[PDB]
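> Structure: query_12.pdb, PDB, C-alpha atoms and all ligand atoms.
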ATOM      1  CA  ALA A   1       8.586  32.991  -5.436
ATOM      2  CA  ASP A   2       6.351  32.293  -2.461
ATOM      3  CA  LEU A   3       6.330  28.631  -3.489
ATOM      4  CA  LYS A   4      10.131  28.481  -3.200
ATOM      5  CA  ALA A   5       9.914  29.816   0.362
ATOM      6  CA  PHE A   6       6.994  27.507   1.132
ATOM      7  CA  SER A   7       9.017  24.452   0.093
ATOM      8  CA  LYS A   8      11.950  25.626   2.200
ATOM      9  CA  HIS A   9       9.707  25.934   5.236
ATOM     10  CA  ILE A  10       8.355  22.390   4.728
ATOM     11  CA  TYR A  11      11.924  21.102   4.233
ATOM     12  CA  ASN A  12      13.105  22.707   7.484
ATOM     13  CA  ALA A  13      10.201  21.235   9.434
ATOM     14  CA  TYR A  14      11.055  17.844   7.947
ATOM     15  CA  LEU A  15      14.681  18.275   8.978
ATOM     16  CA  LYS A  16      13.497  19.383  12.391
ATOM     17  CA  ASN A  17      11.218  16.400  12.949
ATOM     18  CA  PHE A  18      13.075  13.416  11.499
ATOM     19  CA  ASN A  19      16.607  12.510  12.614
ATOM     20  CA  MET A  20      17.538  10.053   9.860
ATOM     21  CA  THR A  21      17.637  11.898   6.570
ATOM     22  CA  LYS A  22      18.048  10.212   3.207
ATOM     23  CA  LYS A  23      21.320  12.128   2.751
ATOM     24  CA  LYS A  24      22.784  10.674   5.962
ATOM     25  CA  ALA A  25      21.344   7.203   5.294
ATOM     26  CA  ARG A  26      22.863   7.121   1.806
ATOM     27  CA  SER A  27      26.301   8.249   2.936
ATOM     28  CA  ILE A  28      26.226   5.369   5.422
ATOM     29  CA  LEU A  29      25.023   2.612   3.116
ATOM     30  CA  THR A  30      27.552   3.745   0.521
ATOM     31  CA  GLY A  31      30.445   4.618   2.826
ATOM     32  CA  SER A  32      33.418  10.253   7.531
ATOM     33  CA  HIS A  33      30.918   7.437   8.058
ATOM     34  CA  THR A  34      31.932   4.259   9.843
ATOM     35  CA  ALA A  35      30.416   1.022   8.533
ATOM     36  CA  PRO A  36      27.318  -0.125  10.432
ATOM     37  CA  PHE A  37      27.410  -3.342  12.488
ATOM     38  CA  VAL A  38      25.851  -6.078  10.282
ATOM     39  CA  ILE A  39      22.972  -8.051  11.835
ATOM     40  CA  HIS A  40      22.680 -11.301   9.855
ATOM     41  CA  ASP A  41      21.631 -13.833  12.487
ATOM     42  CA  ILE A  42      20.477 -14.238  16.055
ATOM     43  CA  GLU A  43      23.957 -13.915  17.489
ATOM     44  CA  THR A  44      24.706 -10.642  15.703
ATOM     45  CA  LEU A  45      21.220  -9.433  16.606
ATOM     46  CA  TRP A  46      21.906 -10.183  20.269
ATOM     47  CA  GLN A  47      25.319  -8.488  20.050
ATOM     48  CA  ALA A  48      23.744  -5.496  18.260
ATOM     49  CA  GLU A  49      21.151  -5.272  21.029
ATOM     50  CA  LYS A  50      23.826  -5.316  23.695
ATOM     51  CA  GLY A  51      26.432  -3.196  21.870
ATOM     52  CA  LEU A  52      24.551  -0.582  19.847
ATOM     53  CA  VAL A  53      22.470   2.209  21.298
ATOM     54  CA  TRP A  54      18.817   2.241  20.228
ATOM     55  CA  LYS A  55      15.964   4.610  20.936
ATOM     56  CA  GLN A  56      14.636   1.942  23.384
ATOM     57  CA  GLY A  57      12.211  -1.561  26.764
ATOM     58  CA  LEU A  58      10.398  -4.091  24.563
ATOM     59  CA  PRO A  59       8.399  -6.999  25.981
ATOM     60  CA  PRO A  60      10.705  -9.650  27.439
ATOM     61  CA  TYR A  61      10.375 -13.423  26.956
ATOM     62  CA  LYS A  62       9.574 -13.352  23.243
ATOM     63  CA  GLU A  63      10.725 -15.582  20.441
ATOM     64  CA  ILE A  64      12.913 -13.821  17.882
ATOM     65  CA  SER A  65      10.217 -13.240  15.233
ATOM     66  CA  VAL A  66       7.917 -11.689  17.782
ATOM     67  CA  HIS A  67      10.704  -9.687  19.400
ATOM     68  CA  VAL A  68      11.728  -8.196  16.059
ATOM     69  CA  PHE A  69       8.016  -7.472  15.385
ATOM     70  CA  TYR A  70       7.793  -5.395  18.575
ATOM     71  CA  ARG A  71      10.987  -3.499  17.808
ATOM     72  CA  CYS A  72       9.415  -2.469  14.463
ATOM     73  CA  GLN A  73       6.111  -1.556  16.107
ATOM     74  CA  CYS A  74       7.913   0.581  18.637
ATOM     75  CA  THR A  75       9.745   2.347  15.825
ATOM     76  CA  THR A  76       6.496   2.808  13.846
ATOM     77  CA  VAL A  77       4.811   4.421  16.869
ATOM     78  CA  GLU A  78       7.661   6.907  17.304
ATOM     79  CA  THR A  79       7.493   7.903  13.586
ATOM     80  CA  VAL A  80       3.719   8.380  13.867
ATOM     81  CA  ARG A  81       4.561  10.914  16.581
ATOM     82  CA  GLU A  82       7.182  12.634  14.436
ATOM     83  CA  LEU A  83       4.698  12.827  11.579
ATOM     84  CA  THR A  84       2.126  14.355  13.907
ATOM     85  CA  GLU A  85       4.447  17.201  14.890
ATOM     86  CA  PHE A  86       5.535  17.687  11.304
ATOM     87  CA  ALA A  87       1.959  18.023  10.024
ATOM     88  CA  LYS A  88       1.571  20.719  12.664
ATOM     89  CA  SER A  89       4.383  22.646  10.938
ATOM     90  CA  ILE A  90       2.491  22.527   7.618
ATOM     91  CA  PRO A  91       0.957  26.017   7.152
ATOM     92  CA  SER A  92      -2.814  25.786   7.740
ATOM     93  CA  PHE A  93      -2.919  22.122   8.802
ATOM     94  CA  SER A  94      -3.663  23.295  12.315
ATOM     95  CA  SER A  95      -6.580  25.252  10.815
ATOM     96  CA  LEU A  96      -8.501  22.127   9.885
ATOM     97  CA  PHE A  97     -11.290  20.705  11.997
ATOM     98  CA  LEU A  98      -9.945  18.448  14.712
ATOM     99  CA  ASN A  99     -11.654  15.449  13.123
ATOM    100  CA  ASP A 100     -10.009  16.174   9.799
ATOM    101  CA  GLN A 101      -6.534  16.566  11.267
ATOM    102  CA  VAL A 102      -6.985  13.182  12.983
ATOM    103  CA  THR A 103      -8.414  11.564   9.876
ATOM    104  CA  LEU A 104      -5.527  12.792   7.701
ATOM    105  CA  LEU A 105      -2.916  11.426  10.142
ATOM    106  CA  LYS A 106      -4.774   8.145  10.655
ATOM    107  CA  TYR A 107      -5.037   7.406   6.962
ATOM    108  CA  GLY A 108      -1.753   9.011   5.891
ATOM    109  CA  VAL A 109       0.916   8.145   8.467
ATOM    110  CA  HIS A 110       1.843   4.694   7.138
ATOM    111  CA  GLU A 111       2.044   6.017   3.619
ATOM    112  CA  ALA A 112       4.519   8.639   4.841
ATOM    113  CA  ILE A 113       6.402   6.071   6.986
ATOM    114  CA  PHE A 114       6.787   3.709   4.037
ATOM    115  CA  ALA A 115       7.947   6.462   1.688
ATOM    116  CA  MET A 116      10.582   7.518   4.268
ATOM    117  CA  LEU A 117      11.460   3.920   5.070
ATOM    118  CA  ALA A 118      12.951   3.620   1.535
ATOM    119  CA  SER A 119      15.653   6.164   2.478
ATOM    120  CA  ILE A 120      17.191   3.562   4.780
ATOM    121  CA  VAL A 121      16.702   0.455   2.672
ATOM    122  CA  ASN A 122      18.646  -1.156  -0.181
ATOM    123  CA  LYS A 123      18.086  -4.521  -1.842
ATOM    124  CA  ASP A 124      20.252  -6.178   0.858
ATOM    125  CA  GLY A 125      18.620  -4.888   4.041
ATOM    126  CA  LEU A 126      18.047  -1.701   5.973
ATOM    127  CA  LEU A 127      19.728   0.553   8.528
ATOM    128  CA  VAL A 128      18.677   0.239  12.159
ATOM    129  CA  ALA A 129      19.759   1.716  15.509
ATOM    130  CA  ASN A 130      19.954   5.139  13.888
ATOM    131  CA  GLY A 131      22.398   4.062  11.199
ATOM    132  CA  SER A 132      24.804   2.087  13.430
ATOM    133  CA  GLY A 133      23.186  -1.244  12.555
ATOM    134  CA  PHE A 134      22.343  -2.909   9.241
ATOM    135  CA  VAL A 135      19.879  -5.831   9.260
ATOM    136  CA  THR A 136      20.127  -8.087   6.239
ATOM    137  CA  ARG A 137      17.116  -8.952   4.086
ATOM    138  CA  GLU A 138      18.136 -12.646   4.229
ATOM    139  CA  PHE A 139      18.051 -12.600   8.013
ATOM    140  CA  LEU A 140      14.517 -11.202   7.886
ATOM    141  CA  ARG A 141      13.228 -13.866   5.468
ATOM    142  CA  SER A 142      14.698 -16.420   7.861
ATOM    143  CA  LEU A 143      12.207 -15.399  10.522
ATOM    144  CA  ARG A 144       8.943 -17.281  11.212
ATOM    145  CA  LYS A 145       5.962 -16.935   8.937
ATOM    146  CA  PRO A 146       3.913 -14.861   9.099
ATOM    147  CA  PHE A 147       6.487 -12.361  10.421
ATOM    148  CA  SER A 148       8.886 -13.068   7.583
ATOM    149  CA  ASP A 149       6.178 -11.905   5.148
ATOM    150  CA  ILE A 150       5.442  -8.385   6.398
ATOM    151  CA  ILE A 151       8.600  -6.792   5.017
ATOM    152  CA  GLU A 152       9.283  -8.191   1.521
ATOM    153  CA  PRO A 153       6.875  -5.854  -0.250
ATOM    154  CA  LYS A 154       8.368  -2.802   1.522
ATOM    155  CA  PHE A 155      11.721  -3.843   0.023
ATOM    156  CA  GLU A 156      10.127  -4.235  -3.426
ATOM    157  CA  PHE A 157       8.472  -0.843  -3.157
ATOM    158  CA  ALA A 158      11.668   0.779  -1.758
ATOM    159  CA  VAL A 159      13.983  -0.365  -4.526
ATOM    160  CA  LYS A 160      11.594   0.964  -7.186
ATOM    161  CA  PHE A 161      11.032   4.174  -5.251
ATOM    162  CA  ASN A 162      14.772   4.745  -4.827
ATOM    163  CA  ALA A 163      15.283   4.661  -8.599
ATOM    164  CA  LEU A 164      13.493   8.026  -8.689
ATOM    165  CA  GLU A 165      16.497   9.466  -6.819
ATOM    166  CA  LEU A 166      14.526  11.960  -4.750
ATOM    167  CA  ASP A 167      16.398  13.862  -2.089
ATOM    168  CA  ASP A 168      15.255  15.064   1.350
ATOM    169  CA  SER A 169      13.928  18.344  -0.028
ATOM    170  CA  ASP A 170      11.677  16.472  -2.497
ATOM    171  CA  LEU A 171      10.611  13.944   0.181
ATOM    172  CA  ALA A 172       9.594  16.670   2.628
ATOM    173  CA  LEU A 173       7.080  18.035   0.129
ATOM    174  CA  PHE A 174       5.972  14.566  -0.976
ATOM    175  CA  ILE A 175       5.245  13.681   2.693
ATOM    176  CA  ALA A 176       3.116  16.779   3.279
ATOM    177  CA  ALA A 177       1.119  15.974   0.106
ATOM    178  CA  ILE A 178       0.524  12.467   1.372
ATOM    179  CA  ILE A 179      -0.832  13.742   4.690
ATOM    180  CA  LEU A 180      -2.939  16.474   3.091
ATOM    181  CA  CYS A 181      -4.845  14.105   0.860
ATOM    182  CA  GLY A 182      -8.516  14.981   0.183
ATOM    183  CA  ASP A 183      -9.533  11.385  -0.631
ATOM    184  CA  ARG A 184      -9.441   9.975   2.937
ATOM    185  CA  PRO A 185     -12.700   8.496   4.241
ATOM    186  CA  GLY A 186     -14.861  10.520   6.645
ATOM    187  CA  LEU A 187     -13.328  13.854   5.735
ATOM    188  CA  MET A 188     -15.553  16.753   6.840
ATOM    189  CA  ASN A 189     -14.338  19.786   4.881
ATOM    190  CA  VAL A 190     -12.600  18.319   1.864
ATOM    191  CA  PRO A 191     -12.413  21.602  -0.111
ATOM    192  CA  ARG A 192     -10.388  23.067   2.734
ATOM    193  CA  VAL A 193      -8.072  20.039   2.732
ATOM    194  CA  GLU A 194      -7.610  20.149  -1.054
ATOM    195  CA  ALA A 195      -6.860  23.886  -0.842
ATOM    196  CA  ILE A 196      -3.872  23.242   1.403
ATOM    197  CA  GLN A 197      -2.879  20.280  -0.752
ATOM    198  CA  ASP A 198      -2.880  22.224  -4.008
ATOM    199  CA  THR A 199      -0.454  24.712  -2.483
ATOM    200  CA  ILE A 200       1.928  21.871  -1.429
ATOM    201  CA  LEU A 201       1.511  20.171  -4.803
ATOM    202  CA  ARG A 202       2.260  23.415  -6.662
ATOM    203  CA  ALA A 203       5.354  23.904  -4.474
ATOM    204  CA  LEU A 204       6.365  20.338  -5.325
ATOM    205  CA  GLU A 205       5.894  20.465  -9.089
ATOM    206  CA  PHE A 206       7.944  23.617  -9.279
ATOM    207  CA  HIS A 207      10.505  22.238  -6.833
ATOM    208  CA  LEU A 208      11.042  19.069  -8.913
ATOM    209  CA  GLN A 209      11.404  21.190 -12.029
ATOM    210  CA  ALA A 210      14.304  23.025 -10.416
ATOM    211  CA  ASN A 211      15.767  20.007  -8.616
ATOM    212  CA  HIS A 212      15.378  17.471 -11.418
ATOM    213  CA  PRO A 213      15.867  19.437 -14.650
ATOM    214  CA  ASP A 214      16.747  16.455 -16.828
ATOM    215  CA  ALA A 215      13.889  14.343 -15.428
ATOM    216  CA  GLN A 216      10.728  15.185 -17.339
ATOM    217  CA  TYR A 217       7.990  12.936 -16.015
ATOM    218  CA  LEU A 218       8.960  12.913 -12.341
ATOM    219  CA  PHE A 219       6.063  14.927 -10.860
ATOM    220  CA  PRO A 220       3.211  12.702 -12.049
ATOM    221  CA  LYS A 221       5.433   9.682 -11.368
ATOM    222  CA  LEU A 222       5.424  10.895  -7.769
ATOM    223  CA  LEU A 223       1.645  11.214  -7.596
ATOM    224  CA  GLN A 224       1.510   7.623  -8.878
ATOM    225  CA  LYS A 225       3.803   6.416  -6.075
ATOM    226  CA  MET A 226       1.185   7.850  -3.760
ATOM    227  CA  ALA A 227      -1.213   5.372  -5.353
ATOM    228  CA  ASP A 228       1.355   2.623  -4.743
ATOM    229  CA  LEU A 229       1.811   3.521  -1.091
ATOM    230  CA  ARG A 230      -1.937   3.338  -0.526
ATOM    231  CA  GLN A 231      -2.098  -0.236  -1.781
ATOM    232  CA  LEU A 232       1.061  -1.069   0.200
ATOM    233  CA  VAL A 233      -0.650   0.256   3.304
ATOM    234  CA  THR A 234      -3.902  -1.633   2.665
ATOM    235  CA  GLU A 235      -1.945  -4.874   2.372
ATOM    236  CA  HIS A 236       0.125  -4.073   5.463
ATOM    237  CA  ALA A 237      -3.062  -3.465   7.461
ATOM    238  CA  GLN A 238      -4.553  -6.831   6.388
ATOM    239  CA  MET A 239      -1.304  -8.588   7.343
ATOM    240  CA  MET A 240      -1.534  -7.021  10.805
ATOM    241  CA  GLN A 241      -5.181  -8.045  11.202
ATOM    242  CA  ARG A 242      -4.349 -11.657  10.465
ATOM    243  CA  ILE A 243      -1.355 -11.719  12.826
ATOM    244  CA  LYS A 244      -3.652 -10.181  15.418
ATOM    245  CA  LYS A 245      -6.083 -13.044  15.033
ATOM    246  CA  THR A 246      -3.512 -15.780  14.408
ATOM    247  CA  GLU A 247      -0.788 -14.865  16.959
ATOM    248  CA  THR A 248      -2.382 -14.839  20.419
ATOM    249  CA  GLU A 249       0.948 -14.219  22.204
ATOM    250  CA  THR A 250       1.313 -10.945  20.304
ATOM    251  CA  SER A 251      -0.419  -7.608  20.624
ATOM    252  CA  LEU A 252      -0.689  -4.346  18.717
ATOM    253  CA  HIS A 253       0.279  -1.114  20.417
ATOM    254  CA  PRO A 254      -2.861   0.918  21.297
ATOM    255  CA  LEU A 255      -2.213   3.786  18.848
ATOM    256  CA  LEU A 256      -1.499   1.273  16.047
ATOM    257  CA  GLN A 257      -4.539  -0.857  16.788
ATOM    258  CA  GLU A 258      -6.524   2.380  16.433
ATOM    259  CA  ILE A 259      -5.128   2.864  12.900
ATOM    260  CA  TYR A 260      -5.129  -0.626  11.423
ATOM    261  CA  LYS A 261      -8.616  -0.985  12.886
ATOM    262  CA  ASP A 262     -10.652   1.580  10.986
ATOM    263  CA  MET A 263      -8.788   0.932   7.732
TER     264      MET A 263
HETATM  265  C1  LIG B 301      12.710  -4.639   9.922
HETATM  266  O1  LIG B 301      13.086  -3.773  10.980
HETATM  267  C2  LIG B 301      13.962  -4.284  11.931
HETATM  268  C3  LIG B 301      14.423  -5.616  11.896
HETATM  269  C4  LIG B 301      15.300  -6.078  12.858
HETATM  270  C5  LIG B 301      15.711  -5.213  13.847
HETATM  271 CL1  LIG B 301      16.816  -5.760  15.032
HETATM  272  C6  LIG B 301      15.271  -3.913  13.917
HETATM  273  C7  LIG B 301      14.392  -3.438  12.953
HETATM  274  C8  LIG B 301      13.973  -2.032  13.070
HETATM  275  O2  LIG B 301      14.461  -1.303  13.931
HETATM  276  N1  LIG B 301      13.058  -1.574  12.199
HETATM  277  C9  LIG B 301      12.526  -0.229  12.326
HETATM  278  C10 LIG B 301      12.036   0.274  10.962
HETATM  279  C11 LIG B 301      10.851  -0.507  10.435
HETATM  280  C12 LIG B 301       9.601  -0.386  11.040
HETATM  281  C13 LIG B 301       8.501  -1.076  10.543
HETATM  282  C14 LIG B 301       8.638  -1.912   9.442
HETATM  283  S1  LIG B 301       7.204  -2.749   8.785
HETATM  284  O3  LIG B 301       6.241  -1.741   8.442
HETATM  285  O4  LIG B 301       7.597  -3.715   7.784
HETATM  286  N2  LIG B 301       6.379  -3.655  10.019
HETATM  287  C15 LIG B 301       7.054  -4.838  10.450
HETATM  288  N3  LIG B 301       6.749  -5.431  11.586
HETATM  289  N4  LIG B 301       7.530  -6.527  11.854
HETATM  290  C16 LIG B 301       8.393  -6.758  10.939
HETATM  291  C17 LIG B 301       9.429  -7.885  11.054
HETATM  292  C18 LIG B 301       8.832  -9.137  11.728
HETATM  293  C19 LIG B 301      10.185  -8.133   9.744
HETATM  294  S2  LIG B 301       8.316  -5.667   9.576
HETATM  295  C20 LIG B 301       9.883  -2.063   8.834
HETATM  296  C21 LIG B 301      10.981  -1.363   9.336
HETATM  297  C1  LIG B 302      -5.147   7.561  24.480
HETATM  298  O1  LIG B 302      -6.463   7.606  23.954
HETATM  299  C2  LIG B 302      -7.500   7.600  24.893
HETATM  300  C3  LIG B 302      -7.480   8.421  26.020
HETATM  301  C4  LIG B 302      -8.509   8.386  26.931
HETATM  302  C5  LIG B 302      -9.571   7.537  26.709
HETATM  303 CL1  LIG B 302     -10.856   7.512  27.837
HETATM  304  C6  LIG B 302      -9.628   6.711  25.608
HETATM  305  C7  LIG B 302      -8.582   6.739  24.694
HETATM  306  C8  LIG B 302      -8.673   5.856  23.532
HETATM  307  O2  LIG B 302      -9.565   5.001  23.454
HETATM  308  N1  LIG B 302      -7.750   6.035  22.571
HETATM  309  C9  LIG B 302      -7.496   5.012  21.564
HETATM  310  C10 LIG B 302      -6.549   5.563  20.492
HETATM  311  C11 LIG B 302      -5.165   5.830  21.027
HETATM  312  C12 LIG B 302      -4.641   5.059  22.064
HETATM  313  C13 LIG B 302      -3.367   5.314  22.573
HETATM  314  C14 LIG B 302      -2.605   6.349  22.041
HETATM  315  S1  LIG B 302      -0.979   6.717  22.688
HETATM  316  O3  LIG B 302      -0.529   5.691  23.583
HETATM  317  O4  LIG B 302      -0.119   7.112  21.604
HETATM  318  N2  LIG B 302      -1.095   8.154  23.667
HETATM  319  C15 LIG B 302      -1.330   7.820  25.030
HETATM  320  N3  LIG B 302      -0.798   8.478  26.037
HETATM  321  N4  LIG B 302      -1.168   7.963  27.272
HETATM  322  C16 LIG B 302      -1.958   6.946  27.176
HETATM  323  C17 LIG B 302      -2.535   6.182  28.379
HETATM  324  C18 LIG B 302      -1.585   6.291  29.573
HETATM  325  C19 LIG B 302      -3.930   6.729  28.721
HETATM  326  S2  LIG B 302      -2.345   6.508  25.546
HETATM  327  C20 LIG B 302      -3.118   7.114  20.996
HETATM  328  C21 LIG B 302      -4.386   6.853  20.493
END
Please go through the file and, once you have read it, give me the structure as structure tokens.

Amino acid sequence: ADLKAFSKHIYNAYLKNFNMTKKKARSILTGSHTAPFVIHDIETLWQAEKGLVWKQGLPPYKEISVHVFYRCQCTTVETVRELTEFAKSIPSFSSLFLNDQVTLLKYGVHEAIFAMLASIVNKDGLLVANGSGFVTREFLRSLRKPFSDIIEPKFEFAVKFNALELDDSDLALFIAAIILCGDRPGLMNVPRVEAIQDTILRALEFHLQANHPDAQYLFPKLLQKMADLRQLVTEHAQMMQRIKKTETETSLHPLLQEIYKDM
């Protein structure tokens, strides 16, 4: 009863904080939705940059690989900010000690970003420019190493994740559970974190029961994906650290350096 209303509240805050929903993404990738402009090479990328409207700008005078790397960074930073406002809409999150709130966001944001990233990806590429662009996976592998390497595993994770067929209402709860994880390092009051988590997790288990009646082992399967995202994020961080040391003409945004750093 209260769980059902809890889940609805989390879902609304998710809808309030993130513009691209899985529902919208899927109705675009599948086809009242015009087909997105396909970015498959440098020319189409340049045209997409000139023609489409994006949320922002980037450093000028950069080779393509690096330029695309900064676009992604800029998008990551914006989602970190959306996730920060969303976690503030999670009942009690704002009750935690300041250090804990920070610690949860620091260690959980990329996990949430990668779970949500799947909504806009298929095996062939992903939506960009808020759904008006579609960048092909082949075009991305055609970029310079090590930049062509960052994304492949996100694609691998996404295609497996998408087979679970979650919808926005499931994802909103999944994302709160990821942020309210009691296993982060340096947590001060973990019992207080796990108390808020258990509520979200109870709301989720029940929610999936209602929303996926003919899917028996979905709940635990979801908790396992959380394990997958954590490994995905550890790898991603190492990739960034190496690019940082290996690519002198590139730099990590301040807020992102502060995240990849400690982890
Ligand atoms: C691959 O993403 C893009 C590729 C080309 C163009 Cl024109 C735009 C985007 C974009 O807007 N991405 C925003 C969403 C996004 C953000 C981060 C990531 S990532 O976590 O994989 N980090 C990456 N950093 N650089 C990357 C490039 C060099 C592939 S991937 C993937 C996707
Ligand atoms: C902004 O954070 C700081 C603010 C004052 C001082 Cl004395 C130090 C830091 C710092 O070392 N933060 C490192 C971690 C961090 C860096 C940047 C960002 S942000 O860019 O997302 N927010 C900012 N807003 N304004 C900023 C500049 C103009 C100070 S940074 C978040 C987190």
> Using only C-alpha atoms, which protein or nucleic acid residues come within 10 Å of residue 28 of chain A? Drop anything in the same chain fewer than 4 positions from it, and give the result as a PyMOL selection string.
chain A and resi 22-24+32-36+120+127+131-132+134
> Produce a table with one row for each residue of chain A that has an atom at most 6 Å from any atom of ligand LIG 302 (chain B), each row naming the nearest atom pair and its distance in Å at one decimal; use all atoms listed in the file; arrange rows by chain and rising residue number; format as CSV.

residue,atom,partner,partner_atom,distance
A:254,CA,B:LIG302,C12,4.6
A:255,CA,B:LIG302,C20,4.1
A:258,CA,B:LIG302,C10,5.2
> Could you list, with a cut-off of 7 Å and counting all atoms listed in the file, the residues of chain A near ligand LIG 301 (chain B), each shown with its nearest atom pair and the distance in Å rounded to one decimal, rows sorted by chain and ascending number, as CSV?

residue,atom,partner,partner_atom,distance
A:45,CA,B:LIG301,CL1,5.9
A:65,CA,B:LIG301,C18,5.6
A:66,CA,B:LIG301,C18,6.6
A:68,CA,B:LIG301,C4,5.2
A:69,CA,B:LIG301,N4,3.7
A:70,CA,B:LIG301,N4,6.8
A:71,CA,B:LIG301,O2,5.6
A:72,CA,B:LIG301,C12,4.0
A:73,CA,B:LIG301,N3,6.0
A:75,CA,B:LIG301,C9,5.2
A:76,CA,B:LIG301,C12,5.3
A:117,CA,B:LIG301,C21,6.8
A:128,CA,B:LIG301,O2,4.8
A:129,CA,B:LIG301,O2,6.3
A:135,CA,B:LIG301,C4,5.8
A:140,CA,B:LIG301,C19,5.6
A:147,CA,B:LIG301,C18,4.2
A:148,CA,B:LIG301,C19,5.5
A:150,CA,B:LIG301,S2,5.1
A:151,CA,B:LIG301,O4,4.3
A:154,CA,B:LIG301,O4,6.4
> With all atoms listed in the file as the atoms that count, which of A:189, A:256, A:18, A:74 lies nearest to residue 98 of chain A?
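Nearest candidate to residue 98 of chain A out of A:189, A:256, A:18, A:74: A:189.
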> List the neighbours of residue 137 of chain A out to 10 Å using only C-alpha atoms; skip same-chain residues closer than 5 positions along the sequence, and give me the result as JSON, numbers by chain.
{"A": [39, 40, 121, 122, 123, 124, 125, 126, 142, 148, 151, 152, 155]}
> Which of these, A:241, A:162, A:21, A:257, has the shortest distance to residue 77 of chain A once you count all atoms listed in the file?
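Once distances to residue 77 of chain A are computed over all atoms listed in the file, the minimum belongs to A:257.
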> Report the distance between atom CA of residue 92 of chain A and atom CA of residue 201 of chain A in Å, rounded to one decimal place.
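Atom CA of residue 92 of chain A sits 14.4 Å away from atom CA of residue 201 of chain A.
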